[PDB]
Amino acid sequence: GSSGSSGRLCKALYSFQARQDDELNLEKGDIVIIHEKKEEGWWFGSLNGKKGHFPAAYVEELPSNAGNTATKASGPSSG
């Protein structure tokens, strides 16, 4: 599609409650951007704009994102 293929994606099967800021909170059916997974189960990525350490067993790697998330705004010569 678009020049990329750098970060992987995944869906949170079970909602995770990040005890502290160290970990990352996940919600049932949440797409997280896989940044780095150089750990056993402990994955690293951003959910909704916030990065952190979340479990793998909770999320599941996906081949492609879900449907198509986009919006249409207007401004000073937006496009």
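Since every read-out is calculated from the coordinates, none of them should be taken as a lab result. Cβ atoms come from the backbone with ideal geometry, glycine included; neighbour counts cover every protein chain shown.
A search for C-beta distances below 6 Å between a residue of region 21-34 that is in a loop (DSSP other than H, G, I, E, B) and any residue that is loosely packed, with under 15 Cβ neighbours inside 10 Å and of a type in the set (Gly, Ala, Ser), counting only pairs 6+ apart in sequence or on different chains, returns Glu27/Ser15; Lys28/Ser15.
Among the residues of region 18-37, write down those that are of a type in the set (S, T, N, Q) and either within 14 Å of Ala57 (Cα to Cα) or surrounded by 17 or more Cβ atoms within 10 Å (Cβ to Cβ) (or both). Don't jump to the end; show me each part of the working.
We begin by selecting, within region 18-37, every residue of a type in the set (S, T, N, Q); these are 20, 25.
Within region 18-37, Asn25 is the sole residue that qualifies.
Does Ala70 count as in a loop (DSSP other than H, G, I, E, B), surrounded by 10 or more Cβ atoms within 10 Å (Cβ to Cβ), more than 11 Å from the chain's Cα centre (by Cα) and aliphatic (A, V, I, L, M)? Answer is no for this residue.
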